[PDB]
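Here is my_file-v8.cif, consisting of mmCIF, C-alpha atoms and all ligand atoms:
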```
data_work
loop_
_atom_site.group_PDB
_atom_site.id
_atom_site.type_symbol
_atom_site.label_atom_id
_atom_site.label_comp_id
_atom_site.auth_asym_id
_atom_site.auth_seq_id
_atom_site.Cartn_x
_atom_site.Cartn_y
_atom_site.Cartn_z
ATOM 1 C CA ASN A 1 1.940 8.554 12.316
ATOM 2 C CA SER A 2 2.067 4.758 11.942
ATOM 3 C CA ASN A 3 5.087 2.867 13.402
ATOM 4 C CA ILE A 4 5.210 0.354 10.490
ATOM 5 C CA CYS A 5 5.780 0.633 6.711
ATOM 6 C CA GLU A 6 2.496 0.906 4.879
ATOM 7 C CA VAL A 7 3.780 -1.392 2.084
ATOM 8 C CA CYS A 8 5.764 -4.156 3.853
ATOM 9 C CA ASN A 9 4.215 -3.833 7.378
ATOM 10 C CA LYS A 10 7.685 -3.878 9.084
ATOM 11 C CA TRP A 11 9.390 -1.328 11.344
ATOM 12 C CA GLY A 12 12.766 0.200 10.573
ATOM 13 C CA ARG A 13 13.989 3.520 9.139
ATOM 14 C CA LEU A 14 10.611 5.097 8.203
ATOM 15 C CA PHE A 15 9.720 8.436 6.519
ATOM 16 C CA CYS A 16 6.410 9.867 7.686
ATOM 17 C CA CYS A 17 3.820 11.585 5.518
ATOM 18 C CA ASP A 18 2.929 15.143 6.608
ATOM 19 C CA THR A 19 -0.649 15.021 5.323
ATOM 20 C CA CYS A 20 -1.771 11.573 6.507
ATOM 21 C CA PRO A 21 -0.661 9.010 9.105
ATOM 22 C CA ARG A 22 1.205 6.545 6.764
ATOM 23 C CA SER A 23 4.910 5.855 6.893
ATOM 24 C CA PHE A 24 7.314 4.233 4.471
ATOM 25 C CA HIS A 25 10.699 2.779 4.086
ATOM 26 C CA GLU A 26 12.711 4.738 1.568
ATOM 27 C CA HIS A 27 12.492 2.188 -1.265
ATOM 28 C CA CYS A 28 9.055 0.801 -0.340
ATOM 29 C CA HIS A 29 7.513 4.115 -1.379
ATOM 30 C CA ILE A 30 7.160 4.606 -5.105
ATOM 31 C CA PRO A 31 8.761 6.804 -6.269
ATOM 32 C CA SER A 32 11.546 6.484 -3.582
ATOM 33 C CA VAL A 33 11.175 8.961 -0.723
ATOM 34 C CA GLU A 34 12.403 12.397 -1.799
ATOM 35 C CA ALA A 35 15.627 13.798 -0.159
ATOM 36 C CA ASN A 36 14.185 17.103 1.004
ATOM 37 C CA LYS A 37 10.588 18.547 0.752
ATOM 38 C CA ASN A 38 9.110 19.728 4.063
ATOM 39 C CA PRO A 39 6.258 19.130 4.243
ATOM 40 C CA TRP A 40 6.224 15.789 2.307
ATOM 41 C CA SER A 41 3.080 14.134 0.996
ATOM 42 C CA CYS A 42 3.016 10.409 0.060
ATOM 43 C CA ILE A 43 1.554 8.912 -3.056
ATOM 44 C CA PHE A 44 -1.763 8.044 -1.423
ATOM 45 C CA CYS A 45 -2.202 11.821 -0.633
ATOM 46 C CA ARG A 46 -1.019 12.846 -4.108
ATOM 47 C CA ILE A 47 -3.562 10.514 -5.704
ATOM 48 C CA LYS A 48 -6.348 11.801 -3.443
ATOM 49 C CA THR A 49 -5.537 15.369 -4.502
ATOM 50 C CA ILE A 50 -5.862 14.544 -8.271
ATOM 51 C CA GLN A 51 -9.393 13.250 -7.539
ATOM 52 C CA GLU A 52 -10.288 16.336 -5.465
ATOM 53 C CA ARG A 53 -9.074 18.733 -8.131
ATOM 54 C CA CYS A 54 -11.105 16.878 -10.834
ATOM 55 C CA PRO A 55 -14.088 14.992 -9.346
ATOM 56 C CA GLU A 56 -15.237 13.990 -12.857
ATOM 57 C CA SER A 57 -12.017 11.937 -13.169
ATOM 58 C CA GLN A 58 -13.943 9.281 -11.147
ATOM 59 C CA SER A 59 -16.684 8.791 -13.768
ATOM 60 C CA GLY A 60 -16.479 5.480 -15.621
ATOM 61 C CA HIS A 61 -13.892 5.005 -18.388
ATOM 62 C CA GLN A 62 -13.326 2.359 -21.053
ATOM 63 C CA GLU A 63 -10.178 0.314 -20.521
ATOM 64 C CA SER A 64 -9.231 0.721 -24.202
ATOM 65 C CA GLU A 65 -9.162 4.538 -23.849
ATOM 66 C CA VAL A 66 -7.165 4.353 -20.539
ATOM 67 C CA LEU A 67 -4.493 2.138 -22.142
ATOM 68 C CA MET A 68 -3.875 4.606 -25.050
ATOM 69 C CA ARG A 69 -3.176 7.509 -22.732
ATOM 70 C CA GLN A 70 0.287 9.010 -22.853
ATOM 71 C CA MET A 71 2.363 8.750 -19.703
ATOM 72 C CA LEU A 72 2.030 12.416 -18.705
ATOM 73 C CA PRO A 73 2.737 13.228 -14.964
ATOM 74 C CA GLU A 74 -0.682 12.202 -13.689
ATOM 75 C CA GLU A 75 -0.741 8.848 -15.540
ATOM 76 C CA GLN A 76 2.827 8.217 -14.413
ATOM 77 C CA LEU A 77 1.751 8.740 -10.805
ATOM 78 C CA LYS A 78 -1.291 6.498 -11.167
ATOM 79 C CA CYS A 79 0.894 3.673 -12.549
ATOM 80 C CA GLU A 80 3.426 4.152 -9.627
ATOM 81 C CA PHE A 81 0.526 3.841 -7.180
ATOM 82 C CA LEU A 82 -0.951 0.777 -8.859
ATOM 83 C CA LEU A 83 2.543 -0.822 -8.745
ATOM 84 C CA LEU A 84 2.740 0.179 -5.103
ATOM 85 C CA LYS A 85 -0.609 -1.480 -4.385
ATOM 86 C CA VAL A 86 0.694 -4.796 -5.781
ATOM 87 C CA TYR A 87 3.830 -4.624 -3.604
ATOM 88 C CA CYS A 88 1.521 -4.076 -0.536
ATOM 89 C CA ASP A 89 0.328 -7.700 -0.840
ATOM 90 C CA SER A 90 2.819 -10.042 0.850
ATOM 91 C CA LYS A 91 2.406 -12.490 -2.069
ATOM 92 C CA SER A 92 4.184 -10.000 -4.337
ATOM 93 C CA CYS A 93 7.472 -11.405 -2.935
ATOM 94 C CA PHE A 94 7.129 -14.262 -5.489
ATOM 95 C CA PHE A 95 7.061 -11.790 -8.349
ATOM 96 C CA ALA A 96 9.559 -9.098 -7.190
ATOM 97 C CA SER A 97 12.924 -10.300 -8.316
ATOM 98 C CA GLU A 98 14.291 -11.898 -11.434
ATOM 99 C CA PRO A 99 12.969 -15.432 -11.780
ATOM 100 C CA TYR A 100 14.529 -18.519 -13.276
ATOM 101 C CA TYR A 101 13.088 -21.529 -14.922
ATOM 102 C CA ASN A 102 14.227 -25.170 -14.603
ATOM 103 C CA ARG A 103 11.299 -27.508 -14.082
ATOM 104 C CA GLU A 104 10.741 -30.937 -15.593
ATOM 105 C CA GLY A 105 8.218 -30.699 -18.404
ATOM 106 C CA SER A 106 8.153 -26.909 -18.671
ATOM 107 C CA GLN A 107 9.971 -24.363 -20.719
ATOM 108 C CA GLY A 108 10.682 -20.827 -19.440
ATOM 109 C CA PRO A 109 8.843 -17.795 -20.988
ATOM 110 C CA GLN A 110 10.240 -16.019 -24.025
ATOM 111 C CA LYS A 111 10.053 -12.706 -22.183
ATOM 112 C CA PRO A 112 10.543 -12.864 -18.451
ATOM 113 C CA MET A 113 9.234 -10.027 -16.346
ATOM 114 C CA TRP A 114 9.202 -9.138 -12.688
ATOM 115 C CA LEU A 115 8.023 -6.309 -10.463
ATOM 116 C CA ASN A 116 11.475 -4.765 -9.836
ATOM 117 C CA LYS A 117 12.049 -4.522 -13.509
ATOM 118 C CA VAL A 118 8.730 -2.703 -13.968
ATOM 119 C CA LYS A 119 9.745 -0.457 -11.073
ATOM 120 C CA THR A 120 12.979 0.431 -12.827
ATOM 121 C CA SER A 121 11.236 0.908 -16.151
ATOM 122 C CA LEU A 122 8.863 3.408 -14.557
ATOM 123 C CA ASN A 123 11.634 5.237 -12.774
ATOM 124 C CA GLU A 124 13.649 5.602 -16.002
ATOM 125 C CA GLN A 125 10.470 6.793 -17.888
ATOM 126 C CA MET A 126 10.569 3.949 -20.410
ATOM 127 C CA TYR A 127 6.804 3.729 -20.781
ATOM 128 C CA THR A 128 5.255 6.205 -23.258
ATOM 129 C CA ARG A 129 1.685 4.979 -22.693
ATOM 130 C CA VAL A 130 -0.310 3.321 -19.901
ATOM 131 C CA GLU A 131 -0.539 0.251 -22.149
ATOM 132 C CA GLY A 132 3.229 -0.372 -21.866
ATOM 133 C CA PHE A 133 3.075 -0.593 -18.091
ATOM 134 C CA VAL A 134 -0.147 -2.641 -17.997
ATOM 135 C CA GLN A 135 1.173 -5.165 -20.606
ATOM 136 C CA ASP A 136 4.342 -5.809 -18.577
ATOM 137 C CA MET A 137 2.312 -6.206 -15.349
ATOM 138 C CA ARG A 138 -0.071 -8.695 -16.974
ATOM 139 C CA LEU A 139 2.895 -10.548 -18.560
ATOM 140 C CA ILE A 140 4.275 -11.282 -15.082
ATOM 141 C CA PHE A 141 1.223 -13.298 -14.142
ATOM 142 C CA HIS A 142 0.695 -14.865 -17.545
ATOM 143 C CA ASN A 143 4.294 -16.205 -17.601
ATOM 144 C CA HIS A 144 3.656 -17.683 -14.127
ATOM 145 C CA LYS A 145 0.452 -19.473 -15.147
ATOM 146 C CA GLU A 146 1.989 -20.916 -18.242
ATOM 147 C CA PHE A 147 5.155 -22.176 -16.526
ATOM 148 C CA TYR A 148 3.608 -23.763 -13.482
ATOM 149 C CA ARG A 149 0.812 -25.457 -15.455
ATOM 150 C CA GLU A 150 -1.118 -27.784 -13.118
ATOM 151 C CA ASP A 151 0.967 -27.275 -10.002
ATOM 152 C CA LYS A 152 -1.166 -25.545 -7.429
ATOM 153 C CA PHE A 153 1.531 -22.831 -7.217
ATOM 154 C CA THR A 154 -0.132 -21.325 -10.339
ATOM 155 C CA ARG A 155 -2.752 -19.998 -7.927
ATOM 156 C CA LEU A 156 -0.288 -17.401 -6.567
ATOM 157 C CA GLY A 157 -0.306 -15.865 -10.090
ATOM 158 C CA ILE A 158 -4.137 -15.732 -10.030
ATOM 159 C CA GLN A 159 -4.228 -14.197 -6.592
ATOM 160 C CA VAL A 160 -1.748 -11.469 -7.229
ATOM 161 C CA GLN A 161 -3.233 -10.691 -10.667
ATOM 162 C CA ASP A 162 -6.665 -10.175 -9.029
ATOM 163 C CA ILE A 163 -5.092 -7.585 -6.717
ATOM 164 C CA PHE A 164 -3.574 -5.828 -9.696
ATOM 165 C CA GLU A 165 -6.843 -5.887 -11.686
ATOM 166 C CA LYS A 166 -9.051 -4.625 -8.845
ATOM 167 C CA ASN A 167 -6.663 -1.780 -8.147
ATOM 168 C CA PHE A 168 -6.334 -1.008 -11.861
ATOM 169 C CA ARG A 169 -10.156 -0.666 -12.127
ATOM 170 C CA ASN A 170 -10.245 1.598 -9.008
ATOM 171 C CA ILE A 171 -7.306 3.875 -9.777
ATOM 172 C CA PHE A 172 -8.171 4.507 -13.409
ATOM 173 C CA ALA A 173 -11.946 4.561 -12.691
ATOM 174 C CA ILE A 174 -12.886 1.894 -15.230
ATOM 175 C CA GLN A 175 -16.655 1.759 -15.881
ATOM 176 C CA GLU A 176 -18.244 -0.867 -13.693
ATOM 177 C CA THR A 177 -19.799 -3.812 -15.630
ATOM 178 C CA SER A 178 -21.619 -7.110 -14.887
HETATM 179 ZN ZN ZN B 1 8.594 -1.207 3.796
HETATM 180 ZN ZN ZN B 2 -0.036 10.630 2.941
HETATM 181 ZN ZN ZN B 3 -12.313 20.157 -12.955
#
```

Would you mind writing the file out in structure tokens?
Ligand SMILES: [Zn+2]
Ligand SMILES: [Zn+2]
Ligand SMILES: [Zn+2]
Amino acid sequence: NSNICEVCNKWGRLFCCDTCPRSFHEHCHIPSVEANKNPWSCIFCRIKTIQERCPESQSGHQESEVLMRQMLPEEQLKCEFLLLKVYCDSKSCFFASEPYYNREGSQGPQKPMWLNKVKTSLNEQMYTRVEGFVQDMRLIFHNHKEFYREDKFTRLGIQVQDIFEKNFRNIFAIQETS
């Protein structure tokens, strides 16, 4: 097993996956590492299994159809993993906790959003469709771009959104296009 957290790349109190070499802090893993279960398989393993049970799940899909799917167990897991993949980028630190807005010449967003909030929303099963989760994720970056305007700090929003969008296309097997 690895000696660092797959998500935050730090050592500490780690839980090890039984079916692959990754390890996690308790609250770095999404969902949080389960109290019992021997053996335990992490979310990367659980996602690989879904693909292996249904190879045709990797054929191209239309984003519009993916967004209308109901948050049944497998969609729920895919959204948890996609959220996890955003947290794996160190730049996610800017978007994790509740932001505040006091900058000359800007007004704060009408609907603030942040990754920990989305994490809680997923945990409490507040999303009924994939669309709900994806809208909140995209809102995070859109609020950032609008607030920071021409400051070069807007680029952090672009960078982290690209990570989200690439992983969204991979996980939900969106049809490749030019
Ligand atoms: Zn960690
Ligand atoms: Zn694993
Ligand atoms: Zn099948």

With only C-alpha atoms as the counted atoms, please give the residues lying no more than 12 Å from residue A:153, apart from itself and same-chain residues fewer than 5 positions off, as a count of residues only. 11

Closest atom pairs, chain A residues within 9 Å of ligand ZN 1 (chain B), all atoms listed in the file, as JSON lines:
```
{"residue": "A:4", "atom": "CA", "partner": "B:ZN1", "partner_atom": "ZN", "distance": 7.7}
{"residue": "A:5", "atom": "CA", "partner": "B:ZN1", "partner_atom": "ZN", "distance": 4.4}
{"residue": "A:6", "atom": "CA", "partner": "B:ZN1", "partner_atom": "ZN", "distance": 6.5}
{"residue": "A:7", "atom": "CA", "partner": "B:ZN1", "partner_atom": "ZN", "distance": 5.1}
{"residue": "A:8", "atom": "CA", "partner": "B:ZN1", "partner_atom": "ZN", "distance": 4.1}
{"residue": "A:9", "atom": "CA", "partner": "B:ZN1", "partner_atom": "ZN", "distance": 6.2}
{"residue": "A:10", "atom": "CA", "partner": "B:ZN1", "partner_atom": "ZN", "distance": 6.0}
{"residue": "A:11", "atom": "CA", "partner": "B:ZN1", "partner_atom": "ZN", "distance": 7.6}
{"residue": "A:12", "atom": "CA", "partner": "B:ZN1", "partner_atom": "ZN", "distance": 8.1}
{"residue": "A:13", "atom": "CA", "partner": "B:ZN1", "partner_atom": "ZN", "distance": 8.9}
{"residue": "A:14", "atom": "CA", "partner": "B:ZN1", "partner_atom": "ZN", "distance": 8.0}
{"residue": "A:23", "atom": "CA", "partner": "B:ZN1", "partner_atom": "ZN", "distance": 8.5}
{"residue": "A:24", "atom": "CA", "partner": "B:ZN1", "partner_atom": "ZN", "distance": 5.6}
{"residue": "A:25", "atom": "CA", "partner": "B:ZN1", "partner_atom": "ZN", "distance": 4.5}
{"residue": "A:26", "atom": "CA", "partner": "B:ZN1", "partner_atom": "ZN", "distance": 7.6}
{"residue": "A:27", "atom": "CA", "partner": "B:ZN1", "partner_atom": "ZN", "distance": 7.2}
{"residue": "A:28", "atom": "CA", "partner": "B:ZN1", "partner_atom": "ZN", "distance": 4.6}
{"residue": "A:29", "atom": "CA", "partner": "B:ZN1", "partner_atom": "ZN", "distance": 7.5}
{"residue": "A:88", "atom": "CA", "partner": "B:ZN1", "partner_atom": "ZN", "distance": 8.8}
```

Using all atoms listed in the file, which of the listed residues (A:43, A:20, A:140, A:54) sits closest to ligand ZN 3 (chain B)? A:54

Report, as AutoDock Vina command-line options, the centre and edge lengths in Å (one decimal) of the axis-aligned box enclosing every listed atom of stretch 107-116 of chain A, padded by 6 Å on each side.
```
--center_x 9.7 --center_y -14.6 --center_z -16.9 --size_x 15.5 --size_y 31.6 --size_z 26.2
```

Rounded to one decimal place, report the atom CA of residue A:106-atom CA of residue A:150 distance in Å. 10.8 Å

Long-range neighbours of residue A:134 as JSON, numbers by chain, 9 Å cut-off, all atoms listed in the file, 3 positions minimum in chain: {"A": [67, 79, 130, 131, 137, 138, 139, 168]}

Residues picked by the PyMOL selection byres (((not hetatm)) within 9 of (chain B and resi 2)) here, as a PyMOL selection string? chain A and resi 16-23+40-46

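Between atom CA of residue A:50 and atom CA of residue A:71 lies a distance of 15.2 Å.
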
Separation of atom CA of residue A:113 from atom CA of residue A:98, in Å and rounded to one decimal: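 Answer for the atom CA of residue A:113 to atom CA of residue A:98 separation: 7.3 Å.
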